[PDB]
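**Q** no sequence for this one, just the structure:
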């Protein structure tokens, strides 16, 4: 499956006289062609996606979109990670 | 003092594998707070801060940014007073 997204329209509303017709190009797009898993090794993203699914009762995709997302939906991802050795025993 | 902000990449066809590899590398660098510069086990690179930016491009930029510092010592010696001697008079 997939999920097209509306994006716009062709440059103008052309007229083709030799064919005796008028034409207009609607412009769609599809997301994440190469993703097929919807899994992650980020435990935090898994935890918050589970939390969002339980609280909100909608789909909750992990780090990257999938081509067949079911609107409405949410996507939790990590953008930045900062580790810190606060103490000898703690991180 | 010599400081270097060394950035690291992780490439793989499986992006979840990239995440796992970065996670284990970060945890290793943190729990072991220094790295052996050479196998002689005399120099060391004490870690300052390791940070990952998952949005950053896999190839051009690199996910993980680490900052290491090292303290050298100026290599100068001199003669030593091994033996001292003296006499007494009045």
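**A** In hand now; what should we look at? Numbering: from 1, shown residues only, chains lettered A, B, ... in the order given.

**Q** quick check: end-to-end length of stretch B:61-73?
**A** Taking Cα to Cα, to the nearest Å, stretch B:61-73 runs 34 Å from one end to the other.

**Q** tell me if it is near chain A.
**A** No - Stretch B:61-73 stays clear of chain A (Cβ under 8 Å from any Cβ of the partner chain), getting no nearer than 8.6 Å. Heads up, the C-betas are built off the backbone N, CA and C, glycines and all.

**Q** in that stretch, what counts as buried?
**A** For stretch B:61-73, a neighbour-count test (16 or more other Cβ atoms under 10 Å in any protein chain shown) marks B:62, B:63, B:64, B:65, B:66, B:68 as buried.

**Q** equivalent analysis for stretch B:39-55, please.
**A** Using 16+ other Cβ under 10 Å as the test for burial, stretch B:39-55 gives B:45, B:47, B:50, B:51, B:52, B:53, B:54.

**Q** ok, now which ones touch the third one?
**A** In this case it means residue B:50. Listed by Cβ atoms under 8 Å, 6 or more residues apart in numbering or on different chains, the contact set of residue B:50 reads A:83, B:26, B:29, B:30, B:64, B:65, B:66, B:67.

**Q** sec struct for the residue most central in space within chain A, please.
**A** Residue closest to the average C-alpha location in chain A (Cα atoms, centre = their mean): residue A:65, at 3.2 Å. What DSSP: H, G, I helix; E, B strand; the rest coil gives for residue A:65 is coil.

**Q** how many neighbours does the closest residue to it other than its chain neighbours have?
**A** The shortest distance from residue A:65 to any non-neighbouring residue, by Cβ to Cβ, 6 or more residues apart in numbering or on different chains, is to residue A:32 (4.3 Å). Neighbours of residue A:32 under the rule other Cβ atoms under 10 Å in any protein chain shown: 16.
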